[PDB]
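Since the structure comes first, as structure tokens, the remarks are kept for the end.
The chain is numbered in sequence order, starting from 1.
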Amino acid sequence: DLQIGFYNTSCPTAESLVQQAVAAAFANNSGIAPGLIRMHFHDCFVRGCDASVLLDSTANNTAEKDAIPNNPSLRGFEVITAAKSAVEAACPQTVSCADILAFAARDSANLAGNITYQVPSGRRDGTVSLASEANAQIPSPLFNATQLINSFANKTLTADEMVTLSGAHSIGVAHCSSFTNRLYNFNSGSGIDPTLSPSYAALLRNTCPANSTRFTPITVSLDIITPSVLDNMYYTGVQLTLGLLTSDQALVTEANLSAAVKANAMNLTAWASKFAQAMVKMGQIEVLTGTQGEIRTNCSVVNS
Ligand SMILES: *[C@@H]1O[C@H](CO)[C@@H](O[C@@H]2O[C@H](CO)[C@@H](O[C@H]3O[C@H](CO[C@@H]4O[C@H](CO)[C@H](O)[C@H]4O)[C@@H](O)[C@H](O[C@H]4O[C@H](CO)[C@@H](O)[C@H](O)[C@@H]4O)[C@@H]3O[C@H]3O[C@H](CO)[C@@H](O)[C@H](O)[C@@H]3O)[C@H](O)[C@H]2NC(C)=O)[C@H](O[C@@H]2O[C@@H](C)[C@@H](O)[C@@H](O)[C@@H]2O)[C@H]1NC(C)=O
Ligand SMILES: *[C@@H]1O[C@H](CO)[C@@H](O[C@@H]2O[C@H](CO)[C@@H](O[C@H]3O[C@H](CO)[C@@H](O)[C@H](O[C@@H]4O[C@H](CO)[C@@H](O)[C@H](O)[C@@H]4O)[C@@H]3O[C@H]3O[C@H](CO)[C@@H](O)[C@H](O)[C@@H]3O)[C@H](O)[C@H]2NC(C)=O)[C@H](O[C@@H]2O[C@@H](C)[C@@H](O)[C@@H](O)[C@@H]2O)[C@H]1NC(C)=O
Ligand SMILES: *[C@@H]1O[C@H](CO)[C@@H](O[C@@H]2O[C@H](CO)[C@@H](O[C@@H]3O[C@H](CO)[C@@H](O)[C@H](O)[C@@H]3O[C@H]3O[C@H](CO)[C@@H](O)[C@H](O)[C@@H]3O)[C@H](O)[C@H]2NC(C)=O)[C@H](O[C@@H]2O[C@@H](C)[C@@H](O)[C@@H](O)[C@@H]2O)[C@H]1NC(C)=O
Ligand code: HEM
Ligand SMILES: *[C@@H]1O[C@H](CO)[C@@H](O[C@@H]2O[C@H](CO)[C@@H](O)[C@H](O)[C@H]2NC(C)=O)[C@H](O[C@@H]2O[C@@H](C)[C@@H](O)[C@@H](O)[C@@H]2O)[C@H]1NC(C)=O
Ligand SMILES: *[C@@H]1O[C@H](CO)[C@@H](O[C@@H]2O[C@H](CO)[C@@H](O)[C@H](O)[C@H]2NC(C)=O)[C@H](O[C@@H]2O[C@@H](C)[C@@H](O)[C@@H](O)[C@@H]2O)[C@H]1NC(C)=O
Ligand SMILES: *[C@@H]1O[C@H](CO)[C@@H](O[C@@H]2O[C@H](CO)[C@@H](O)[C@H](O)[C@H]2NC(C)=O)[C@H](O)[C@H]1NC(C)=O
Ligand SMILES: *[C@@H]1O[C@H](CO)[C@@H](O)[C@H](O)[C@H]1NC(C)=O
Ligand SMILES: *[C@@H]1O[C@H](CO)[C@@H](O)[C@H](O)[C@H]1NC(C)=O
Ligand SMILES: *[C@H]1O[C@H](CO)[C@@H](O)[C@H](O)[C@H]1NC(C)=O
Ligand SMILES: [Ca+2]
Ligand SMILES: [Ca+2]
């Protein structure tokens, strides 16, 4: 199975090299932190954590990158490229893109919230990437509680782990189109989702047009309280009708989920520890190991 310090011998500085690339990119643009954490999530939820999400589309293959949930919202690809460049120079053909992405998400959590943990490694890189699979496997923000739980259960994660991992929305942004469903033509008198603060809704409407699509270059911070700190304020917001996504608000529509939200909002240390543990578990979903797959030399294309 995956082991912490898989590269102890084959590439002693692998993890430091990645961290330095992530740190440099984060200083340039703090948005790479949520970008990379989300990217690792999207890796792990399609064919497991095998770097499939990193592959560029080609003439004969439309890759995950071009899926609805991924294009153009995914970001941080250049950081992975930069990290891979450094690692290949230091230890040729040794460190997988899948491991680099897992390392980078951990480094991002540390930079954005001082949340740190050790990452089991030894993942191998897959050779398949399909927009169709990402389209089907990535959860929708329109999902209700039951749908979110079921989605995550199919990926080995418990309902509580789903609530914990949703706390990643304590940083980063969402395109208007991901929540305009709550702002316009909702089944209500105002046309607005009643579970969203009317005052928050008013301001969101002034920022996001009803005709927004995933390509409309307008985004809004997921956490209105501390938009750039990976803390537990996401939960505080969710309890106050300030959760931004339908799937965020979903977390207070069922007893057990609501209790978890309450617990996380009350105790940063407790949530942060659970988040670290859940990230580690997520990063082991359907991984390729041993001689399975390959060590991809260029994270954007399968080896030839
Ligand atoms: C890459 O390199 C790193 C760094 O070396 C490896 O990580 C380290 O791995 C070692 C084990 O190889 C591990 O050592 C201790 O494990 C537990 C820790 O225990 C908790 O803390 C308390 C301690 O009282 C409690 O016991 C535990 O709940 C210890 O139990 C264990 O010690 C006992 O075992 C030793 C040796 O077998 C004996 O004395 C006796 O049987 C004891 O019962 C290990 O102990 C410690 O021994 C050292 C002796 O020199 C001592 O100096 C030091 O205190 C040391 O901790 C380290 O904790 C761990 N380091 C970190 C930071 O995590 C890594 O290994 C992989 O990942 C780790 C986490 C394990 O899962 C390994 O199995 C795994 O291989 C290396 N990676 C690879 C792939 O090789
Ligand atoms: C890591 O992996 C990624 C993904 O593969 C790679 O990025 C790709 O690089 C290729 C070039 O190697 C690039 O291809 C096109 O650039 C232009 C796009 O319009 C185009 O002019 C050019 O057309 C040509 O090549 C053939 C033969 O030489 C001829 O038709 C022309 O003379 C022309 O030169 C490139 O090609 C199209 O060619 C393919 C033919 O099979 C065709 O099937 C593809 O559609 C291709 O577009 C490609 O666009 C690019 N992919 C993406 C998504 O960006 C990395 O390459 C590096 O970064 C790239 C952005 C480029 O700057 C490239 O020069 C860099 O080397 C690669 N990293 C490294 C270090 O190799
Ligand atoms: C500090 O952060 C900013 C924000 O990320 C960096 O600026 C960006 O740099 C990227 C290139 O690495 C620019 O992307 C290109 O845009 C071109 C014109 O549209 C495209 O043709 C080209 O493909 C790039 O685009 C898309 O490319 C990827 C596909 O391969 C996509 O995954 C991704 O979505 C991307 O948009 C980007 O436009 C630019 N952003 C801004 C707001 O300027 C910045 O990078 C450096 O500085 C910028 C201004 C450029 O000069 C880069 O060449 C340079 O590397 C970064 N500082 C750094 C890393 O030094
Ligand atoms: C539980 C079900 C989830 C749903 C329905 C969901 C949905 C979404 C949506 C729609 C966005 C905005 C995308 C956009 O419009 O640009 C988003 C952003 C984000 N998500 Fe999730 N997500 C879920 C879980 C997770 C998990 C498990 C993680 C990581 C552990 C995560 C990390 C992130 C991050 C960091 C952002 C901001 C990204 C950025 O700013 O680049 N999400 N999510
Ligand atoms: C959350 O979304 C689910 C859809 O994936 C809803 O469940 C499904 O509801 C459909 C209603 O038309 C029904 O056809 C499906 O058979 C059912 N699938 C299952 C069992 O997951 C769910 O709706 C509630 O529960 C289902 C079983 C029915 O009783 C619906 O009438 C209920 O509304 C959604 N949850 C809520 C609270 O709406
Ligand atoms: C998407 O919704 C936008 C908000 O209503 C549209 O823009 C607005 O269009 C009004 C006329 O329809 C115009 O008086 C407003 O000034 C304008 N507001 C802004 C902020 O642009 C938009 O319509 C398109 O873009 C505007 C500027 C005009 O060129 C229209 O003719 C366009 O249709 C809507 N876009 C689409 C694709 O329908
Ligand atoms: C907030 O959460 C932290 C982390 O769980 C709690 O700290 C620990 O307390 C529990 C009590 O059950 C112990 O079992 C752990 O061993 C402690 N570990 C750590 C990380 O300190 C803390 O008690 C919680 N705060 C409050 C007020 O409930
Ligand atoms: C971050 O975490 C460490 C413990 O791991 C702690 O010593 C430090 O004071 C914390 N503060 C920050 C955000 O740097
Ligand atoms: C989940 O994945 C699919 C159902 O969507 C099915 O093939 C598999 O048996 C399910 N079980 C898991 C992996 O929990
Ligand atoms: C929490 O909710 C689940 C599903 O509604 C229920 O089965 C369970 O009994 C509740 N709490 C626990 C873990 O007992
Ligand atoms: Ca994958
Ligand atoms: Ca926050």
(request) Would you confirm whether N264, through its side chain, and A260, through its main-chain N or O, come within 3.5 Å as a donor-acceptor pair? (result) yes
(message) Let me check something: do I225 and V173 share a hydrophobic cluster, defined by ILVMFWY side-chain heavy atoms less than 4.5 Å apart, either directly or through other members?
(response) no
(message) I need the full list of side-chain hydrogen bond (donor to acceptor under 3.5 Å, both in side chains) pairs touching residues 234-243, with sequence neighbours left out, sorted by first then second residue.
(response) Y234-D248, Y235-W271
(message) Using modelled atom types and a 3.5 Å cut-off, is there a donor and acceptor pairing between side-chain atoms of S108 and backbone atoms of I37?
(response) no
(message) Using 0.5 Å steps for rounding, measure from the CZ atom of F143 to the CG atom of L148.
(response) 7.0 Å
(request) Scan side-chain atoms only and decide if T158 and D160 contain a donor-acceptor pair under the 3.5 Å cut-off. (result) no
(message) Count I, L, V, M, F, W, Y as connected when their side-chain heavy atoms are under 4.5 Å apart, and connections chain through other members. Are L74 and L165 then in the same cluster?
(response) yes
(message) With side-chain contact (heavy atoms from CB on, under 4.5 Å) as the test, pick out the partner of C49 among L101, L288, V287.
(response) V287
(message) With clusters defined by side-chain heavy atoms of hydrophobic residues (ILVMFWY) lying less than 4.5 Å apart, directly or transitively, does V229 cluster with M233?
(response) no
(message) Using 0.5 Å steps for rounding, measure from the OG atom of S228 to the CD1 atom of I171.
(response) 9.0 Å
(message) Could you tell me if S151 and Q147 have a donor-acceptor pair between their side chains, going purely by distance under 3.5 Å?
(response) no
(request) Using the side-chain contact (heavy atoms from CB on, under 4.5 Å) rule, pick out the option among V220, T180, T216, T219 that qualifies with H175. (result) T219
(request) Return each pair, listed once, that meets side-chain hydrogen bond (donor to acceptor under 3.5 Å, both in side chains) where at least one residue sits in residues 279-292; pairs must be two or more places apart or across chains. (result) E161-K281
(request) Report yes or no: does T13 contribute a side-chain atom to a donor-acceptor pair with the main-chain N or O of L17 at less than 3.5 Å? (result) no
(request) Please name the residue in the list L204, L245, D193 that meets the side-chain contact (heavy atoms from CB on, under 4.5 Å) test with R182. (result) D193
(request) Return yes if some donor-acceptor pair links the side-chain N/O of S57 with the main-chain N/O of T62 below 3.5 Å, else return no. (result) no
(message) Do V261 and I224 land in one hydrophobic cluster if side-chain heavy atoms of ILVMFWY residues count as linked below 4.5 Å?
(response) no
(message) Just to verify, which of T297, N298, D125 counts as forming a side chain to side chain donor-acceptor pair (under 3.5 Å) with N303?
(response) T297
(request) Search all heavy atoms of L242 against all heavy atoms of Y200 and return the closest pair with its distance. (result) O-CE2, 3.3 Å
(request) Would you please say whether a donor-acceptor pair under 3.5 Å links the side chains of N61 and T58? (result) no
(request) Kindly indicate, with the supporting measurements, whether the criterion salt bridge (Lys or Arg N to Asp or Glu O under 4.0 Å) is fulfilled by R106 and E15. (result) CA-CA 10 Å; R106 179 271 310 280; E15 299 183 42; 3.0 Å; yes
